[PDB]
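This document starts with one chain, in the form deposited in one PDB entry, laid out as structure tokens.
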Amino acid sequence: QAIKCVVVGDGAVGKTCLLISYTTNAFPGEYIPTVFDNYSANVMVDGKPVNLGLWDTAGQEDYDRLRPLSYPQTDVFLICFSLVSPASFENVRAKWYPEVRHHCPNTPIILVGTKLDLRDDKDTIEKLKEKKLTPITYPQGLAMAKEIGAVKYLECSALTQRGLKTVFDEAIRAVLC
């Protein structure tokens, strides 16, 4: 079966690394592979052969006009936000939740917490406070999902794969219900 999954969310969140790590099991931090490329996958969702169509995007305002061009005929949105970026997390309601709904108000949404490793590290943890800010917790992300209407809320690290493989299994299940 064919399911179309679009990955949206503030740039820098890791939408591209999320998809390369998942589909190729490698981090793109090496040369930053082919720009604006999209990715597909074949997964077994419970004795079920599925053809996953993953659409990457660009969060910068410059593309606000040709971004919704990929939303038609979509089956499951994955609004992403960096757990290390409280700012990006705010735009989850400030920009994403609306835009996705502005076009397809009836499509399931999965909120993801990209970068679950740089949540307890010695570096950003300090400079995060340096800006009078702190990392995104389970709550307010778990409530953010509910504040929207997400069929699920997961977290993962495209650099550790922990929780990665799952994020999409949930995207698919959310589809065939």
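Each form is matched to the other, and the largest set of C-alpha atoms that superpose within 1.5 Å is called the rigid core. Residue positions are given as counts along the sequence shown, with the first one as 1. Residues that one form lacks are left out of the comparison.
The discussion below concerns the form deposited in another entry, not included here.
Superpose on the core and compare between the shown form and the other one; which one of 142, 58, 133, 151 crosses the 2 Å Cα shift mark?
The displaced C-alpha is that of 58.
Does residue 30 shift between the shown form and the other one by 2 angstroms or more at the C-alpha, the core having been superposed?
Yes, residue 30 moves 2 Å or more.
Report the direction of the Cα distance change between residue 36 and residue 163 in the other entry, compared with the displayed form, as closer or farther; the change is 3 Å or more.
Relative to the displayed form, residue 36 and residue 163 draw closer in the other entry - a change of at least 3 Å between their C-alphas.
Are residue 34 and residue 16 closer or farther apart at their Cα atoms in the other entry than shown, with the shift being 3 Å or more?
They are closer; the C-alpha distance drops by 3 Å or more in the other entry.
Once the rigid core is fitted, tell me which blocks of three or more consecutive residues have Cα atoms all displaced by 2 Å or more between the shown form and the other one.
Runs shifting 2 Å or more: 26-41, 58-63.
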